[PDB]
């Protein structure tokens, strides 16, 4: 029930689970950064690059994912595999039960603006 966090690396713009927070600093420009240890230690901007951890979606609740939603998406390309922000553009709804969702979510990645068709098993929702 404790709050848990993910942080966005300024190295590759992808999100990583935070194990703990070590210290902080203020840049001369006024920006506040925290030093995080990941579940390697990095400085990350508090305002833009630390948030409550994204949440897996169970097959029985795939209806809660809607066009326009911000999702954390598993983006696998070549031998690179990053968790990146995307927005759901389109949903092809499938016939399925509680065991496995077969709906297809077309996502558009925020950073490079590319699109990919993903299953529920590669996307996580934001809290609230």
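Positions refer to the first chain, counted from 1.
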Next item on the list: Check the residues of the deposited sequence separating residue 45 from residue 46 and report how many of them have no coordinates, as none, 1 to 3, 4 to 9, or 10 or more.
Entry: none
Next item on the list: Compare the mean C-alpha B-factor of 95-103 with that of 52-60 as given in the PDB entry, and name the stretch with the higher value.
Entry: 95-103
Check: Quick one: higher average CA temperature factor, 113-121 or 15-23?
Finding: 113-121
Item checked: Highest-ranked of 65, 84, 81, 89 once sorted by CA temperature factor in the record -> 81
Next item on the list: Consider only the C-alpha atoms of the modelled residues in this chain, order them by B-factor as the entry records it, and name the third containing residue 7: lowest, middle or highest.
Entry: lowest
Check: Relative to the other modelled residues in the chain, which third contains the C-alpha temperature factor of residue 33: lowest, middle or highest?
Finding: middle
Notebook entry, point to check: In terms of the CA temperature factor given in the entry, to which third of its chain does residue 69 belong: lowest, middle or highest?
Noted result: lowest
